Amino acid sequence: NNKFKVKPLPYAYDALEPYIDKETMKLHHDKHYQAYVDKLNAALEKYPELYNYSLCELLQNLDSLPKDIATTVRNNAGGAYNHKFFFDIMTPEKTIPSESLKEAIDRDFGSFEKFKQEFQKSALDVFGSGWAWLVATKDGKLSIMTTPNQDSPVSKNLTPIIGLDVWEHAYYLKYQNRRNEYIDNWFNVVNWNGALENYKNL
């Protein structure tokens, strides 16, 4: 069996309280993330060799996949990848920026605080469903960008370092329309050690 799988949450469903509620963690992981994986798997039944691609490879080749599944793959491989990534980029442990990522953030944004303000503004300005990302080019240059729906920076050959889901399902139970508060609180659970790994894997 080489079907795609849901990665078990890397911590307890309530580990991120009080910043993100346990009910949302359960829905977000067990329902939304699960649905993306199931839908992806269903679509690939027609082309079982695609089960041997990684999610990255699917996302890097959307324009060359068979026309009849390309959009479904974009959306569902997108959702699967983005959510695996998102749950991995948060943690109940306390972390801070360090090593090359810490330096790069200062280099590219002037300071951690300037980076944080830009990120929060971008997250806040996403219209409709989508994501805010800290991304790196192949040479380690950092920038902030957003994607709609489940589109991913990976498809534009950019490497996600951190990313924030701003689909309303990610925050409505606790914050309702107050996305600004959700964004501000989320920085308490960003896994900067994971982010460093992401940046190093360039």
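Throughout, we count residues from 1 along the sequence that is shown.
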| request: Give the stretch, out of 163-171 and 45-53, with the larger mean C-alpha temperature factor in the deposited entry. | output: 45-53
| 147-155 versus 134-142: which one carries the higher mean Cα B factor per the record? | 134-142
| field | Entry-reported Cα temperature factor of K116, expressed as the chain third it lands in | value | highest
| query | Lowest, middle or highest third of the chain for the C-alpha temperature factor of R74? | reply | lowest
| message | By the recorded C-alpha temperature factor, relative to the other modelled residues in its chain, which third is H83 in? | response | lowest
| According to the PDB entry, is the CA B factor of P92 in the bottom, middle or top third of its chain, that is, lowest, middle or highest? | middle
| message | Per the entry's values, where does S122 land by CA temperature factor relative to the rest of its chain, in the lowest, middle or highest third? | response | middle
